[PDB]
Structure formats: structure tokens, C-alpha cells
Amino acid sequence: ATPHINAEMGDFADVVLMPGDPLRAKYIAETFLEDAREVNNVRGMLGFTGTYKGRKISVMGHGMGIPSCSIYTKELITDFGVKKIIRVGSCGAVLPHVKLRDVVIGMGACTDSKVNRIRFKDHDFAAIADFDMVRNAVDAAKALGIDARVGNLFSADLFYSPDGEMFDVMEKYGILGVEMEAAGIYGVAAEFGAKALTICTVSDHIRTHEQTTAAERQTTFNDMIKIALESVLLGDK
């Protein structure tokens, strides 16, 4: 057991899906996993392990922010033998051509956090996803008739930033979505030699936004999880 995960080696699959909202974890276990069993409850961060098409898979939330998700991904990798981490969340878009409910894959993750500089002697570390995981997600989405956009994400430390001009800079450089964990997970994966990928759905447009229905949201959410799970099987082949 670790400080935040009361479990033992073997309890988690070597692949873990991680949503931000802790509540989505049991939903994924009930909706997509077979023979699921609870493997964690510390701090209410519910963890599960079951199978998908025979493949062993685990799901557990990471909390909002780089610091929070850095704790969980690190422990999973160093103490539970986890080899692949797939974050499945949501993000806000700054590009006009990026629409609500679009599925985005973060091959890279920009950030305003200082965690990677602290790791990389104050130089620029390109926090990137595992290439094969990226291509797997892309191929899985096409199979499900969904066109995923691949590019850069931006991991913000402040959901409510004091300076809104940064959003224009993000748009100018092609940022596909604004979220809060990707850069942290990518840093952890590199530090402890594991693989990671972040998949997000556009939940809002940080500017001229619109609206979606609850039915629309679950459909998109279930689409993202399907893509993630099928990408794992592709990776296995």
C-alpha cells in the first residue's frame, strides 16, 4: 500500500484509465468493464479492475491539477507495475475550428507549471505522449467512425488565470485544448519510464461558447472511453 493507494502489487492492471472526476471511475467499471472489483477507496478516490474483451483494465480518478495526478500516476507506476496511463477527460477550446464535443488527442502538452523545469534543470522539456499510444487512439477512433484531432494541449495550473491574453497566444500556436493534467502525467511517465496518453473531449469554448444536452454529453463521453479501451487492444497487437 502507498500513502494514497491502499492496495498491493497485482491489484491494478498494467494499463490504467484515469478520469478527473472520481465519480466517473465506477461509471466506467459498471458500463464498460466485466467482473469489476474495487481496489482502492483512500480519500474517496475509487479504483477498479476488470476486463474488456478479455483484457485486464483498471480505472481510477486522479483529481484536478498536476500535483494531484502526479501523486497517483507516480505511485501506480513505481508500486503497482503500471505501464500505460490513459487520461480521459475534458477541455476548453481556443480554436474556432475546434467544436464542442470534438475528440482531441494530446501528442504534446504545453504548460505554465514549474514541475518539468524543476525536473529538467530549468530548461524546456517537451512533455509528450507515447507515439504508439497516440496512433492506437487515432486508429481506434477511425474504426468507430470518429475523427480525432491530434496536437498540442495546454495544462494550466490556474483554471481562473489572472491574464486572459495567454489564450490568444495559445490560439496563435495551435493549442487544441486547455486542461490541467497532461503535462504533469507526461513528466511523470518520462521520469519513471512508463507510457502515457491524454484524450479529451471539448466541453466548452473559452470565448464564444454554446450549449450541449446531458444526453449529448454522455454519448460523447462513452465515445471517448470506447476509443481509449479499443486503443489498448490495438496496442496489444
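The first residue of the sequence shown is number 1, and the count goes up from there. For clarity, a rigid core is taken as the largest C-alpha set superposing within 1.5 Å between two forms.
Between 11-19 and 220-228, the larger root mean square Cα shift in 8 other deposited structures of this protein, once each structure is superposed on the rigid core, falls on 220-228. Two stretches are in play, 37-45 and 64-72, and the higher mean C-alpha B-factor belongs to 37-45. In this entry, 157-165 shows the higher mean Cα temperature factor of the pair 157-165 and 75-83.
For the set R135, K114, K142, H123, the maximum C-alpha B-factor listed in the entry falls on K142. Ranked by Cα temperature factor within the chain, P96 sits in the highest third according to the deposited record. For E210, the recorded CA temperature factor ranks within the highest third of the chain's modelled residues. The entry lists a Cα temperature factor for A196 that places it in the lowest third of the chain's modelled residues. Among the modelled residues of the chain, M224 sits in the middle third by CA temperature factor in this PDB entry. Sorting the modelled residues of the chain by their CA temperature factor places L176 in the middle third.
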